[PDB]
């Protein structure tokens, strides 16, 4: 029942959540692997308070060793969807007044890691 083509590749990498923006504009991921990792199409689930929303990636860039990638939630001003970082064109700036929690799941739904902010004043 082939309504789409197949392709065997490890769409995954040693990416870690470096830091989340204190104002609540963007989420910064950080690939600290030994080799250039292919993103493929991961899904980042951004929780925060009451409800939550996820974002899927696309195959247009490879994560080099030490390469960071920033997800700007719509309201950024920067060019929409680099060549350098990525803009969440489905969800606007959330404001991390509520401790935001980012869930990193691979292209096939399986989970690598999950991290949140720290309860502090601003």
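The chain as shown is numbered from 1 upward.
Determined by solution NMR, according to the entry header.
Using N, Cα and C of the backbone, Cβ positions are placed for all residues, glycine too.
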Selected residue, Swiss-Prot feature phosphoserine, from candidates 52, 59, 107: 107
In Swiss-Prot, the member of 56, 89 to which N6-acetyllysine is assigned: 56
Annotated residue, SUMO2 cross-link, per Swiss-Prot; candidates 30, 105: 105
Chain residues in Cβ proximity to the expression tag (1-11) (below 8 Å; excluding those fewer than six residues from its ends, i.e. six or more beyond): 38-42, 59, 106-108
Alpha-carbon distance [residue 120 (SUMO2 cross-link); residue 105 (SUMO2 cross-link)] in Å: 27
Fewest-neighbour residue among recorded positions, criterion Cβ within 10 Å, set 56, 105, 120: 120
